[PDB]
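Below, chains carry the letters A, B, ... as their sequence lines are ordered, and counting in each starts from 1. Remember, it's 1-based here, ligands and their atoms both numbered in the order they're listed.
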Amino acid sequence: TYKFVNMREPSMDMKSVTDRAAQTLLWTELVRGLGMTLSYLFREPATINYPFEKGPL
Amino acid sequence: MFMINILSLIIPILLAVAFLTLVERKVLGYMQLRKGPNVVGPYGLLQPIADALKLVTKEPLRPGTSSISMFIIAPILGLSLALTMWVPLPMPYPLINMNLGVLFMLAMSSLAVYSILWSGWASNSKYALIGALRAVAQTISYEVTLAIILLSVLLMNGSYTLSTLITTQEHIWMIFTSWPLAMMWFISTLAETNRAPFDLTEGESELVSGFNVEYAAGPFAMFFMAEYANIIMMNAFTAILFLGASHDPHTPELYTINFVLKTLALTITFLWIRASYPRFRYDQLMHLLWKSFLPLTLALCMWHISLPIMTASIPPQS
Amino acid sequence: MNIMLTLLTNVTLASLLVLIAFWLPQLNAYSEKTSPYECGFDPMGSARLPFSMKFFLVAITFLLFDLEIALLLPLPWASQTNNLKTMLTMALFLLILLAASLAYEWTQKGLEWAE
Amino acid sequence: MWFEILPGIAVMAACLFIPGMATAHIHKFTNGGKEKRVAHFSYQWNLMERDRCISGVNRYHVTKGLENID
Amino acid sequence: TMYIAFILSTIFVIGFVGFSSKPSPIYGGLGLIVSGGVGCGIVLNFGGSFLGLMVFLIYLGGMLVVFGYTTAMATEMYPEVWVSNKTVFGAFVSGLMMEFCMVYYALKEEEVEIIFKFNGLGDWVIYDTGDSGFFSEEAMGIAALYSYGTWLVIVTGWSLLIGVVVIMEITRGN
Amino acid sequence: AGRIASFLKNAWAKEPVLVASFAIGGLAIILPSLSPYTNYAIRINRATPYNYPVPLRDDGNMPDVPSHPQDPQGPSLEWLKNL
Amino acid sequence: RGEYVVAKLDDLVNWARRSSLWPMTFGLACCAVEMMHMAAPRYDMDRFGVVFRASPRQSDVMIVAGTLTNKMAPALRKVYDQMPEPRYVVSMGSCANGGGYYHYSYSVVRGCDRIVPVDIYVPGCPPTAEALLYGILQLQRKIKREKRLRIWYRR
Amino acid sequence: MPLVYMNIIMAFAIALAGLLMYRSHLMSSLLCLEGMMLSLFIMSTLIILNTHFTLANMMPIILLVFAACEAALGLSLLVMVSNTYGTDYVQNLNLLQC
Ligand SMILES: CCCCCCCCCCCCCCCCCC(=O)OC[C@H](COP(=O)([O-])OCC[N+](C)(C)C)OC(=O)CCCCCCCCCCCCCCCCC
Ligand code: SF4
């Protein structure tokens, strides 16, 4: 069994074309990337305080 | 007393640059699930000092094939322009109050392109020159949109006086009136300071460090200070242009607090772009500017000339 | 003149930072240390590498666009005339001609970074 | 975690606040406790030059009211 | 402080001598932009604020910038230096001494007749005495380009469009 | 009908930037000529008193020139106060 | 006496130099990935002021992370020469230390210390990211005990 | 005339002499042309501001834009010549003697 990774054709109606035009002109997926980085900024870092803390063996 | 004013403008700006290095490193670290500087001083607060001290005691290798006159003139021009860009800024009252303040900024920032054209040429190496030429072409191409966007926005101001921007934005931000021009202006400012996906002249994974390969220690440090001063200055210009703060003539400290907070927010956004996107190709950003930004900018300049006339909303020229 | 003092201070302090930056460190230089950097080898000088008509064409097109921008800068004061219809006609005329220059460069290859 | 970035931001904020406050206070100090007079146009400059002449102390900002003559 | 326009003009002429003696074009361009900066300052001292800032933004940051960019591409294998020729030194020295001799003669005589009659009585002396009101006369004159200068706008815009077409014709190279 | 709608469809689907720019430029071209307020802008520009209004000598037969600034003669800015 | 001022100045300069140890990414082989693991969030070499640097002109320490071959040694020495001073070399892994698994090969130089002077030898194949971090902190402590200005004062 | 006018006209004369006295590079001559234009700009600006010829305030703008258009044309010509000969040397522009 296999699957296609990039074999979807975009829809070509009024609403979908307007969705893509708004995504083009208003940078919505760039805003999603900014949101992902902003969400990572408010997560506790995985850093340990070496040498006072040590990696597990 | 005016000399003290000049000094108390310049020195805090350089300190703000020094700690902007730390702030950028920490923001990048926390967006990347790490910490960043937290060992050298409390929360890395002495790290900029460590960097500045290490740099000025490191051997500044000058190239054997370098015209030293321009090799040292380029950092002087860069830092002098980066500092003098703050003298007309209306933190409530400017150091220098001109009729044509934003025109003055446009001219001074257009003179800053020489520091790359002279550093790349002076460094020789026959390859950093190509990176310098790419940087100069990018800079001059985005100067077009900077100038036209500034022109269109100022048609509500009525003059080139920056103090008038405070009056123009008394009841409403200029963002609510020109947000498309605000996005294009912000990306143009991103591109002019060689930041974010527009950092082609110093692509860490494209050309190592481009025009700054041969510079080391001290002159490299001053170039860095010039770039970060330009970053903070451009964000201050953006805040004053689009997010005008309310002014109390009897309490200008409120305006200063407002302006500083908004400038810091825009600078943190500049560092936010750095941590979120891949890098544009040179031809790709040139295509963006010339075929995407420029037509919309021309159309919006047309719109913003038509709009005050057809609504009887032309501002005063005084 | 205050502005002249400000420029003098900025330039003077930048040059002083050069002087400390470029004289304070302790130096020890040899031939292979200051050799031009080429990722671990020596660079070829070749012969006038910075070429290609496209780099010059973008500069020229920026120059002409910058001239039209110079023509557009007086606009904030131009809207203060009683003869607003003539002024609007001429400003829009200049902007259509800017758009026409952009379109002509665009359609006739122009802005393209070709093979 | 993220709030440890705040110290550097606070240092930046203080360093950026200093210029505006210093400019405002120097302007108040050197202009008679009032805002530094703005002369974008020759009429305002002429107003200030008249102000300097009538003050008797060669300072435009020393304001003579109806107590001077009437 | 008493004389500012004269130092600016002497430096202007010195820069002209420097770049017109024609060293390698990068130093000629450096001299040209120094001359342009001091000339922008000269016209700033005369009340031409917009015109001087135009000098800056379009000449020094536009036209020049483009000139230095194009020199950085079409140059010599070892791009030349000022010192490399005795002709550059001779031309610059002769120009500097003909500047010094004539400025000394004009300062101490005030009636030189090199082609034109000149009197260095000052430079502030020729300024008129009056008020310009609540506007910059220069800005009002330049903003009249769109109301009074319709024909000028027409011909200049046509020439700029023709310039784009012309540059694309010439550089095609076939 | 369908030809222009299809062209607008293709342009909106592939070049939204050019569609937006041409629409904005067209409106900037067209809208001022239909605005009732353009004449108002002209009038506001005309009512701004940059110069001194140097007076006239009443040779008699000047019944429409005021005499005093607060005489019921000469143009009025009451229209501008409410606009 | 005046040796107290020189000692304080040396302490200041050596604190500034070890608080901003900017290394150069010389990733030759398997040791390169453990070094970017010391870069990774778990160890976060940037929290020590140890940045991700670039061209040797702004690098303070060379990390030789991987096998040095005969074909590659001239480039390593070239970039070592191009480093501004003061500069340090950390040899990471058995291959860089003394040849390692490939010690008896025709094409492998037996230890980078035949090519450059080495300050710290980090053992392991590969050394764990924690071992490399320990070597980096040990290098920092080497810098702390330098007495360059006190050497000069007694010359 | 005041001595600023003397120095401005002197700058024009020096630029004219520098342009007429050629050297190898074409770019140097083009820079001399640009200096001639800049001196003309400053002379026009001084004359126009001093006599308060208000409508003539726009003349320096027109002079600047037209001379920069000519400079663009000359730069393109130089680039074509260089692509022919690898240099902008005027001595290569001599094959029309025959
Ligand atoms: C009555 C009203 C009349 C007037 C109406 C005015 C028009 C209103 C509708 C227009 C909306 C769009 C305005 C312009 C947007 C940009 C134009 C453009 O080309 O975009 C697509 C362009 C190009 O997109 P593209 O590559 O997908 O498309 C290119 C062209 N095609 C489709 C053919 C391939 O994209 C960008 O510009 C990307 C920018 C990269 C950087 C991203 C930064 C993200 C973070 C932004 C934060 C916020 C910024 C501002 C901050 C605050 C500042 C104060
Ligand atoms: S020491 Fe071991 S892990 Fe490191 S490069 Fe050599 S073989 Fe690979």
Practice task
Using a strict 4.0 Å cut-off to heavy atoms of G:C30, name the atoms of ligand 2 that fall inside it.
Solution key: 3 (S), 5 (S), 7 (S), 8 (Fe)

Fill in the blank from the handout: Under 4.0 Å from one or more heavy atoms of G:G93, ligand 2 contributes atoms 1 (S)

Exercise for the section: Start with the C-alpha gap between B:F186 and B:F270, add the side-chain angles, then the distance that decides, and say whether ring-ring contact (aromatic ring centres under 6.0 Å, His included) holds. Expected result: CA-CA 9 Å; B:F186 197 74; B:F270 255 52; 5.2 Å; yes

Exercise for the section: Could you see which bit of F:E15 sits under 4.0 Å from ligand 1, with heavy atoms only: side chain, backbone, both or neither? Expected result: side chain

Problem - Contact (N/O only, under 3.5 Å) between A:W27 and ligand 1 - result: yes

Problem - Any non-hydrogen protein atom less than 4.0 Å away from atom 47 (C) of ligand 1 - result: no

Exercise for the section: Identify the protein heavy atom lying closest to atom 2 (Fe) of ligand 2, giving its residue, its atom name and the separation to 0.1 Å. Expected result: G:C125 SG, 2.3 Å

Exercise for the section: Output yes if G:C31 passes the N/O/S-under-2.8 Å test against atom 2 (Fe) of ligand 2; output no otherwise. Expected result: no

Practice task
Flag the pair A:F42 / D:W2 as yes when their ring centroid distance falls below 6.0 Å, and as no otherwise.
Solution key: yes

Exercise for the section: Please write down residue, atom name and distance for the protein heavy atom closest to atom 7 (S) of ligand 2. Expected result: G:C95 SG, 3.4 Å

Fill in the blank from the handout: F:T38 and F:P32 have their tightest heavy-atom pair at OG1-O, 3.1 Å

Exercise for the section: Determine whether more than 12 heavy atoms belonging to other residues, nucleotides or ligands lie under 6.0 Å from atom OH of B:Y277. Expected result: yes

Handout entry: ligand 2 contacted by G:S94 (non-hydrogen, < 4.0 Å)
Key = yes

Exercise for the section: Answer with yes or no whether B:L190 contacts ligand 1, where contact means a heavy atom under 4.0 Å from a ligand atom. Expected result: no

Handout entry: Contact summary for G:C31 and G:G66, nearest pair of heavy atoms
Key = CB-N, 3.6 Å

Exercise for the section: Check if B:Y277 has a non-hydrogen atom at a distance under 4.0 Å from any atom of ligand 1. Expected result: yes

